Amino acid sequence: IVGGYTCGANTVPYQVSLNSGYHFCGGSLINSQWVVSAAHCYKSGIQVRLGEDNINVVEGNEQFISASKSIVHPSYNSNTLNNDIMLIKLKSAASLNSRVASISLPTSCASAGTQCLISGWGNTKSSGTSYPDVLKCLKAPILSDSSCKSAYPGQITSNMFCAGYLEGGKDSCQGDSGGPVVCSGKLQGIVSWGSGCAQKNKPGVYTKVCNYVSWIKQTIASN
């Protein structure tokens, strides 16, 4: 997260870290046994870490649960990142509490201007790279359709939306992958892609979760 701020220990209970001997992506807890992330965050043997703040230090409130299966959307396009969503089922149900809680899926898409909360342990610099210990936050508004399409000419599909600041300086970055974009208590987006990080006219492009609610429900139910 570029230009964000320390969220504060477990102030984003639904935020999770995908681990492969190291943090490589973010994720959102949607129920005691399922996590929503980006399809580009796929890999075998992922270990989900819940209740994390300082990913470099075991603080005592974490729950490490191996993913029993990571299901990428059937229509995921690796080149464009169209349909960049993935469901991860936990080998076992997480113990939900004040530091480990799920986020509600949307029942309708968010309007331009809707301010959201984006979080993650990604790269904190727009040039080069520096990773934080604790979870970083960022309040960013959803960008209008036209401004989104102008920034990424012909690269924005209906399963994507922009959010951030066109003047740059504040944005998500590599490491935030799969992380949440919560607006009014609803997970409306997933950290997907973008041109650089925090560049002017190059805001974060996020997976439009509202478009995948039926798929998510259908996948969770038959798994």
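Residues 16 to 34, 37 to 67, 69 to 125, 127 to 130, 132 to 183, 184A, 184 to 187, 188A, 188 to 204, 209 to 217, 219 to 221, 221A, 222 to 245 in the authors' numbering are what the sequence shown lists, from first letter to last. Each residue gets a CB set at the ideal place from its N, CA and C atoms; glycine is no exception.
- Across the structure, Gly-69 and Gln-81 are spaced so that their CA atoms are roughly 6 Å apart.
- Of the candidates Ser-167, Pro-152 and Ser-88, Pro-152 places its Cα closest to the Cα of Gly-19.
- The beta carbon of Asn-143 sits closer than 6 Å to the beta carbons of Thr-149, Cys-191, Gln-192 and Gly-193 from its chain, once the five residues preceding and following it are set aside; these are given in chain order.
- CA-CA distance, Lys-239 to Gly-219, rounds to 33 Å.
- With respect to the C-alpha of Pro-28, the residue from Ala-171, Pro-198 and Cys-58 having the closest C-alpha is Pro-198.
- DSSP, read as helix, strand or coil, puts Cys-22 in coil.
- For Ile-162, no alpha helix (DSSP H) segment is defined, and its DSSP state is neither H nor E.
- The residue among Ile-47, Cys-58, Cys-201 and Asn-245 with its C-alpha nearest the C-alpha of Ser-37 is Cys-58.
- Cα atoms of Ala-160 and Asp-189: separation of roughly 8 Å, rounded to the nearest angstrom.
- Only residues of its own chain outside the window of five on either side were considered, and among them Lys-230 and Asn-233 have a CB closer than 8 Å to the CB of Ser-178, listed in chain order.
- Per the DSSP secondary-structure output, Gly-188A pairs with nothing in a beta bridge.
- The three-state reading of DSSP puts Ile-238 in helix, counting H, G and I together.
- Take the alpha-carbon of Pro-92 and the one of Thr-241: they are about 11 Å apart.
- By the Cβ criterion, the segment 94-103 is in contact with the segment 48-57, since at least three pairs of Cβ atoms, one from each stretch, lie closer than 8 Å.
- The criterion of a C-beta distance shorter than 8 Å is not satisfied by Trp-141 and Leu-158.
- Check the Cα spacing between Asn-79 and each of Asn-115, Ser-86 and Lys-109: the tightest is with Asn-115.
- The criterion of a C-beta distance shorter than 8 Å is satisfied by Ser-86 and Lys-107.
- As DSSP reads the structure, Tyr-228 sits in a beta bridge with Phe-181 and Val-213.
- Counted as a single uninterrupted DSSP element, the stretch harbouring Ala-119 is not any beta strand (DSSP E), since DSSP gives it neither H nor E.
- Nearest Cα to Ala-129 within the set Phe-41, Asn-74, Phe-181 and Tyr-184: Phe-181.
- In chain order, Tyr-29, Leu-46, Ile-47 and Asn-48 place their CB closer than 6 Å to the CB of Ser-120, counting only its own chain and leaving out the 5 sequence neighbours on each side.
- Annotation for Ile-138: the continuous beta strand (DSSP E) segment containing it runs 135-140.
- Distance check between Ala-243 and each of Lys-224, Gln-135 and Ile-89 places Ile-89 closest, using alpha-carbon atoms only.
- Using a Cβ distance threshold of 8 Å, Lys-204 and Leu-123 count as a contacting pair.
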